[PDB]
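The next block is work-v9.txt, given as compact mmCIF, C-alpha atoms and all ligand atoms.
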```
# COMPACT_ATOMS: atom_id res chain seq x y z
CA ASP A 21 76.49 68.51 -70.67
CA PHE A 22 72.70 68.54 -70.31
CA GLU A 23 72.12 66.42 -73.44
CA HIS A 24 74.48 63.70 -72.22
CA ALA A 25 73.11 63.74 -68.67
CA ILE A 26 69.53 63.32 -69.84
CA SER A 27 70.49 60.71 -72.43
CA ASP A 28 72.26 58.78 -69.59
CA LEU A 29 69.06 58.93 -67.51
CA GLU A 30 67.06 57.58 -70.50
CA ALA A 31 69.39 54.67 -71.07
CA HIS A 32 69.71 53.84 -67.36
CA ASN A 33 65.91 53.82 -66.84
CA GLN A 34 64.92 52.72 -70.35
CA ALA A 35 62.74 55.76 -70.44
CA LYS A 36 61.91 58.60 -72.79
CA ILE A 37 62.41 62.02 -71.23
CA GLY A 38 61.31 65.41 -72.61
CA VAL A 39 62.34 68.50 -70.70
CA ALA A 40 62.33 72.24 -71.22
CA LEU A 41 63.61 74.91 -68.83
CA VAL A 42 62.43 78.33 -69.95
CA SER A 43 62.86 81.83 -68.62
CA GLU A 44 59.99 84.11 -67.61
CA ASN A 45 59.84 85.37 -71.17
CA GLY A 46 59.60 81.86 -72.70
CA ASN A 47 63.15 81.60 -73.98
CA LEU A 48 64.68 78.10 -73.85
CA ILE A 49 67.54 77.87 -71.38
CA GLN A 50 68.09 74.09 -71.62
CA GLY A 51 66.03 71.36 -73.26
CA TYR A 52 66.08 67.74 -74.35
CA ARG A 53 63.43 66.33 -76.69
CA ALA A 54 61.92 69.75 -76.05
CA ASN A 55 59.96 69.78 -79.29
CA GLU A 56 58.86 66.13 -79.28
CA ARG A 57 55.22 65.26 -78.51
CA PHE A 58 54.22 63.69 -75.21
CA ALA A 59 50.81 63.01 -73.70
CA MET A 60 49.62 65.80 -71.40
CA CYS A 61 47.94 63.46 -68.96
CA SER A 62 46.71 65.60 -66.05
CA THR A 63 49.03 68.53 -66.87
CA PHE A 64 46.23 69.80 -69.18
CA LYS A 65 44.27 70.78 -66.06
CA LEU A 66 46.58 73.84 -65.59
CA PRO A 67 45.70 75.55 -68.88
CA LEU A 68 42.12 74.36 -68.47
CA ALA A 69 41.89 76.23 -65.19
CA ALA A 70 43.40 79.26 -66.93
CA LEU A 71 40.70 79.10 -69.65
CA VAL A 72 37.95 79.01 -67.03
CA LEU A 73 39.55 81.94 -65.18
CA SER A 74 39.83 83.80 -68.55
CA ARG A 75 36.11 83.25 -69.05
CA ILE A 76 35.43 84.70 -65.59
CA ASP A 77 37.79 87.65 -66.57
CA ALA A 78 35.60 88.18 -69.66
CA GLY A 79 32.23 88.06 -67.85
CA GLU A 80 31.23 84.74 -69.45
CA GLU A 81 31.36 82.77 -66.23
CA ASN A 82 30.66 83.27 -62.50
CA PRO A 83 33.04 81.69 -59.93
CA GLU A 84 30.11 80.64 -57.77
CA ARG A 85 28.00 79.08 -60.51
CA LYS A 86 26.86 75.59 -59.68
CA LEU A 87 28.05 72.83 -61.97
CA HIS A 88 25.49 70.10 -61.48
CA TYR A 89 26.20 66.37 -61.70
CA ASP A 90 25.11 62.99 -60.40
CA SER A 91 26.79 59.71 -59.47
CA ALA A 92 27.07 58.66 -63.12
CA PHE A 93 29.45 61.60 -63.71
CA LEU A 94 31.91 60.32 -61.13
CA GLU A 95 35.25 58.92 -62.21
CA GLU A 96 37.46 56.33 -60.53
CA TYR A 97 39.77 59.08 -59.24
CA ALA A 98 37.49 61.92 -58.07
CA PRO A 99 38.05 62.40 -54.34
CA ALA A 100 36.36 65.78 -54.09
CA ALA A 101 33.51 65.10 -56.48
CA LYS A 102 32.69 61.93 -54.44
CA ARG A 103 32.34 64.13 -51.35
CA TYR A 104 30.13 66.74 -53.04
CA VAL A 105 27.93 64.38 -55.12
CA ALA A 106 25.11 64.21 -52.53
CA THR A 107 24.73 67.98 -52.84
CA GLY A 108 24.36 67.66 -56.61
CA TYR A 109 27.00 70.15 -57.64
CA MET A 110 30.41 71.74 -57.30
CA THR A 111 30.94 75.39 -57.99
CA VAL A 112 33.24 76.59 -60.74
CA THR A 113 35.72 77.63 -58.04
CA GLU A 114 35.51 74.25 -56.25
CA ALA A 115 36.02 72.43 -59.53
CA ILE A 116 39.04 74.56 -60.42
CA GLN A 117 40.57 74.02 -56.97
CA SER A 118 39.89 70.30 -56.96
CA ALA A 119 41.09 69.72 -60.54
CA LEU A 120 44.34 71.54 -59.81
CA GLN A 121 45.29 70.57 -56.28
CA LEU A 122 43.86 67.04 -56.13
CA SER A 123 43.78 66.35 -59.90
CA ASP A 124 40.17 65.25 -59.47
CA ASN A 125 38.97 63.79 -62.81
CA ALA A 126 35.25 64.45 -62.39
CA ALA A 127 36.03 68.08 -61.46
CA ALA A 128 38.15 68.33 -64.62
CA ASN A 129 35.27 66.95 -66.68
CA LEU A 130 32.90 69.47 -65.08
CA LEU A 131 35.23 72.22 -66.29
CA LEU A 132 35.60 70.69 -69.74
CA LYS A 133 31.81 70.69 -70.10
CA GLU A 134 31.75 74.32 -68.84
CA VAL A 135 34.23 75.57 -71.47
CA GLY A 136 32.43 73.73 -74.29
CA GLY A 137 34.61 70.61 -74.50
CA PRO A 138 38.14 69.59 -75.53
CA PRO A 139 38.09 71.55 -78.79
CA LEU A 140 37.63 74.83 -76.89
CA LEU A 141 40.77 74.13 -74.84
CA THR A 142 42.68 73.53 -78.12
CA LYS A 143 41.28 76.86 -79.31
CA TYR A 144 42.51 78.49 -76.09
CA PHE A 145 46.03 77.12 -76.58
CA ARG A 146 46.02 78.54 -80.13
CA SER A 147 44.84 81.90 -78.77
CA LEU A 148 47.93 82.06 -76.53
CA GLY A 149 50.31 81.35 -79.36
CA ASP A 150 50.70 77.67 -78.55
CA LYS A 151 50.60 76.06 -81.99
CA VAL A 152 51.02 72.48 -80.77
CA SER A 153 49.15 71.58 -77.56
CA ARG A 154 45.78 69.94 -78.12
CA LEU A 155 43.03 68.31 -76.13
CA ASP A 156 40.76 65.78 -77.81
CA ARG A 157 39.19 63.54 -75.19
CA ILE A 158 37.77 63.94 -71.68
CA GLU A 159 38.76 61.98 -68.56
CA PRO A 160 39.72 59.21 -68.43
CA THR A 161 40.50 58.16 -72.01
CA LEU A 162 42.74 61.18 -72.66
CA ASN A 163 45.35 59.16 -70.70
CA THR A 164 45.87 56.28 -73.19
CA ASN A 165 49.31 57.56 -74.24
CA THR A 166 49.49 55.32 -77.31
CA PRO A 167 52.55 55.54 -79.53
CA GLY A 168 51.99 57.48 -82.71
CA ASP A 169 48.86 59.26 -81.47
CA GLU A 170 48.74 63.05 -81.39
CA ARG A 171 45.48 63.30 -79.37
CA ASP A 172 45.87 65.01 -76.00
CA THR A 173 49.54 65.92 -76.52
CA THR A 174 51.90 68.79 -75.97
CA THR A 175 55.64 69.27 -76.20
CA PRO A 176 57.85 70.18 -73.23
CA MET A 177 58.73 73.52 -74.78
CA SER A 178 55.18 74.40 -75.86
CA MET A 179 53.78 73.61 -72.44
CA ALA A 180 56.58 75.46 -70.64
CA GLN A 181 55.97 78.53 -72.85
CA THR A 182 52.25 78.36 -72.34
CA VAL A 183 52.68 78.11 -68.59
CA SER A 184 55.16 80.99 -68.54
CA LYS A 185 52.60 83.18 -70.32
CA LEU A 186 49.88 82.30 -67.82
CA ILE A 187 51.97 82.54 -64.68
CA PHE A 188 54.42 85.34 -65.47
CA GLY A 189 52.90 87.08 -68.47
CA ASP A 190 50.09 89.54 -69.04
CA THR A 191 47.38 87.17 -70.30
CA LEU A 192 45.22 86.79 -67.19
CA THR A 193 43.84 89.58 -65.05
CA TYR A 194 45.85 90.41 -61.93
CA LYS A 195 43.17 88.63 -59.85
CA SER A 196 43.08 85.46 -61.96
CA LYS A 197 46.87 85.23 -62.26
CA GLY A 198 47.13 85.36 -58.47
CA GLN A 199 44.44 82.76 -57.98
CA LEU A 200 46.10 80.40 -60.45
CA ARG A 201 49.57 80.86 -58.94
CA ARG A 202 48.44 80.36 -55.37
CA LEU A 203 46.41 77.27 -56.29
CA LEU A 204 49.40 75.70 -57.99
CA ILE A 205 51.74 76.47 -55.09
CA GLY A 206 49.20 74.63 -52.86
CA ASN A 207 49.13 71.57 -55.16
CA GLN A 208 48.88 68.45 -53.04
CA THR A 209 50.26 65.96 -55.57
CA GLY A 210 53.73 67.32 -56.47
CA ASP A 211 55.82 67.08 -53.30
CA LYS A 212 57.93 64.22 -54.68
CA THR A 213 58.28 65.37 -58.30
CA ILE A 214 59.89 68.61 -59.59
CA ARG A 215 59.73 70.21 -56.14
CA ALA A 216 61.78 67.42 -54.68
CA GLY A 217 64.63 68.30 -56.98
CA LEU A 218 64.70 72.04 -56.23
CA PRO A 219 65.85 73.98 -53.18
CA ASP A 220 63.14 74.33 -50.49
CA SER A 221 63.82 78.04 -50.30
CA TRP A 222 62.33 78.63 -53.74
CA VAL A 223 58.69 79.34 -54.50
CA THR A 224 57.32 76.43 -56.60
CA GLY A 225 53.90 75.68 -58.03
CA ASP A 226 53.16 72.74 -60.33
CA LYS A 227 50.70 70.36 -61.96
CA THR A 228 51.48 66.64 -62.18
CA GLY A 229 50.09 63.93 -64.33
CA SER A 230 50.29 60.20 -65.05
CA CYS A 231 49.16 58.12 -68.02
CA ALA A 232 49.14 54.60 -69.32
CA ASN A 233 52.31 53.11 -70.68
CA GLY A 234 54.38 54.54 -67.87
CA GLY A 235 53.65 58.19 -68.54
CA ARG A 236 54.52 60.55 -65.70
CA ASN A 237 54.87 64.28 -66.10
CA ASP A 238 55.14 67.50 -64.10
CA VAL A 239 55.18 71.15 -65.09
CA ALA A 240 56.31 73.68 -62.49
CA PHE A 241 56.98 77.38 -62.21
CA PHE A 242 59.53 78.57 -59.73
CA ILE A 243 61.06 81.74 -58.39
CA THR A 244 64.53 81.61 -56.92
CA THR A 245 65.59 83.45 -53.78
CA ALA A 246 67.22 86.07 -56.03
CA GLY A 247 63.81 86.55 -57.71
CA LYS A 248 64.64 84.87 -61.04
CA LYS A 249 61.54 83.26 -62.65
CA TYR A 250 61.36 80.03 -64.65
CA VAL A 251 59.08 77.27 -65.91
CA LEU A 252 60.26 73.68 -66.06
CA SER A 253 58.34 71.00 -67.96
CA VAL A 254 59.29 67.36 -67.51
CA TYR A 255 57.48 64.70 -69.52
CA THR A 256 58.46 61.02 -69.17
CA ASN A 257 57.51 57.56 -70.37
CA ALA A 258 59.13 55.00 -68.08
CA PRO A 259 57.11 51.79 -68.36
CA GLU A 260 59.61 49.63 -66.48
CA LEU A 261 59.91 51.89 -63.45
CA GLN A 262 57.61 51.65 -60.48
CA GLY A 263 55.57 54.78 -59.58
CA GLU A 264 57.94 56.05 -56.87
CA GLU A 265 60.91 55.64 -59.17
CA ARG A 266 59.05 57.61 -61.86
CA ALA A 267 58.66 60.51 -59.41
CA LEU A 268 62.35 60.23 -58.49
CA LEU A 269 63.22 60.32 -62.18
CA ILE A 270 61.36 63.62 -62.51
CA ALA A 271 63.14 64.96 -59.44
CA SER A 272 66.47 63.86 -60.96
CA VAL A 273 65.71 65.78 -64.15
CA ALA A 274 64.85 68.87 -62.08
CA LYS A 275 68.17 68.58 -60.24
CA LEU A 276 70.02 68.59 -63.58
CA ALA A 277 67.97 71.51 -64.90
CA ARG A 278 68.61 73.46 -61.63
CA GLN A 279 72.32 73.77 -62.47
CA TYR A 280 71.38 76.05 -65.39
CA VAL A 281 69.58 78.54 -63.13
CA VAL A 282 72.00 81.45 -62.73
CA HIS A 283 72.31 83.45 -59.52
CL CL A 301 38.85 58.96 -55.50
CL CL A 302 53.21 56.67 -62.00
```
Could you take the file, read its structure, and then write that structure out as structure tokens?
Amino acid sequence: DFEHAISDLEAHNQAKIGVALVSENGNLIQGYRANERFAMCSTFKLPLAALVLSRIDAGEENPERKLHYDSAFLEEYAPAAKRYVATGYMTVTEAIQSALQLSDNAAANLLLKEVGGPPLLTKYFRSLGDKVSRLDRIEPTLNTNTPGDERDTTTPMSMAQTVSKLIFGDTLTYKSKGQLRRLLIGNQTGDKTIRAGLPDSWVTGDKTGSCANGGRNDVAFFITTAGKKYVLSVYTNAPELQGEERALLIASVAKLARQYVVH
């Protein structure tokens, strides 16, 4: 069964794996360590983007507003922000796009400053009925993934439920929900993670992330050919795998979870 299959992957890879497959309405279909805490790493950028879109929905932000920065704001991984820095800004829209599809860390920090910092993302999670997910630091130190530390964590089930609300539920405006979904489908960083374990015929959007101590995660929504809608969260710590094997591990978990998608 699912429990034994995932436990076998853990032992074989000397990894810790947390996974939740949920339906459109947030109900757990299959899970393993689904309520244990893992570091978000870059997966937090999905609900962050949703918070910024929600602020645009509410008239508190403009998609074309210029978020100003200089070279000192750059991060080691910030491919878009490095290109825009001579102009002195990225727009809210550019920062959302870049944070989601490239995982740009300076763009993410621009958004975190825009929303009022990590505590305001925690507040947003709480507002959605997510009692667990929390952001505490900005890039890059939110990635430390230290044992016993609850900063910057989620659980597979809480994140999957939160994502299902944003992607399939009524929380965002029709416009913002579409923008978020299409951005995630166009993610550039997830071709070898959850997507690689699902049929190519299915619509998939996702947000990846990696952390210290071998953390590598992905959260995806997908829609089957039959039109059945799901969210799959996969959180892993696999310190003895190399990066490509960590992606393959995620794909392997997705393949196992895929057998519980009914036609
Ligand atoms: Cl870069
Ligand atoms: Cl990695």
Counting only C-alpha atoms and all ligand atoms, what are the residues of chain A within 10 Å of ligand CL 302 (chain A), and for each of them which pair of atoms is the nearest and at what distance in Å, to one decimal? Sort the table by chain and rising number, as a Markdown table.
```
| residue | atom | partner | partner_atom | distance |
| --- | --- | --- | --- | --- |
| A:229 | CA | A:CL302 | CL | 8.2 |
| A:230 | CA | A:CL302 | CL | 5.5 |
| A:231 | CA | A:CL302 | CL | 7.4 |
| A:232 | CA | A:CL302 | CL | 8.6 |
| A:233 | CA | A:CL302 | CL | 9.4 |
| A:234 | CA | A:CL302 | CL | 6.4 |
| A:235 | CA | A:CL302 | CL | 6.7 |
| A:236 | CA | A:CL302 | CL | 5.5 |
| A:237 | CA | A:CL302 | CL | 8.8 |
| A:256 | CA | A:CL302 | CL | 9.9 |
| A:257 | CA | A:CL302 | CL | 9.5 |
| A:258 | CA | A:CL302 | CL | 8.6 |
| A:259 | CA | A:CL302 | CL | 8.9 |
| A:261 | CA | A:CL302 | CL | 8.4 |
| A:262 | CA | A:CL302 | CL | 6.8 |
| A:263 | CA | A:CL302 | CL | 3.9 |
| A:264 | CA | A:CL302 | CL | 7.0 |
| A:265 | CA | A:CL302 | CL | 8.3 |
| A:266 | CA | A:CL302 | CL | 5.9 |
| A:267 | CA | A:CL302 | CL | 7.2 |
```
Quick check, in Å to one decimal: how far apart do CA of residue 246 in chain A and CA of residue 279 in chain A lie?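 Interatomic distance, CA of residue 246 in chain A to CA of residue 279 in chain A: 14.8 Å.
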Can I get the residues close to ligand CL 301 (chain A) as an MDAnalysis selection string, where close means within 7 Å and we count all atoms listed in the file? chainID A and resid 96:99 102
Saved selection, atoms kept: C-alpha atoms, as a tab-separated table (two decimals), in the frame of the given file:
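Saved as again.tsv:
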```tsv
chain	number	residue	atom	x	y	z
A	96	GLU	CA	37.46	56.33	-60.53
A	97	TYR	CA	39.77	59.08	-59.24
A	98	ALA	CA	37.49	61.92	-58.07
A	99	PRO	CA	38.05	62.40	-54.34
A	102	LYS	CA	32.69	61.93	-54.44
```
Ranking A:250, A:222, A:280, A:194 by minimum distance to residue 74 in chain A and counting only C-alpha atoms, which one comes first?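 Smallest separation from residue 74 in chain A among the options: A:194.
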Taking (48.9, 84.4, -71.3) in the file's coordinates as the center, which residues reach within 9 Å of it, counting all atoms listed in the file, put as a tab-separated table (two decimals) with C-alpha atoms, in the frame of the given file?
```tsv
chain	number	residue	atom	x	y	z
A	70	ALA	CA	43.40	79.26	-66.93
A	147	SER	CA	44.84	81.90	-78.77
A	148	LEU	CA	47.93	82.06	-76.53
A	149	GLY	CA	50.31	81.35	-79.36
A	182	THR	CA	52.25	78.36	-72.34
A	183	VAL	CA	52.68	78.11	-68.59
A	184	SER	CA	55.16	80.99	-68.54
A	185	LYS	CA	52.60	83.18	-70.32
A	186	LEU	CA	49.88	82.30	-67.82
A	187	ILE	CA	51.97	82.54	-64.68
A	188	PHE	CA	54.42	85.34	-65.47
A	189	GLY	CA	52.90	87.08	-68.47
A	190	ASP	CA	50.09	89.54	-69.04
A	191	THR	CA	47.38	87.17	-70.30
A	192	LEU	CA	45.22	86.79	-67.19
```
Could you pull the residues within 12 Å of residue 275 in chain A, counting only C-alpha atoms, minus those fewer than 5 positions along the same chain, as an MDAnalysis selection string? chainID A and resid 22 25:26 39 41 213:219 252 254 268:270 280:281
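Across A:132, A:155, A:122, A:37, the tightest approach to residue 173 in chain A is made by A:155 when counting only C-alpha atoms.
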Do you have the CA of residue 106 in chain A-CA of residue 133 in chain A distance handy? 19.9 Å
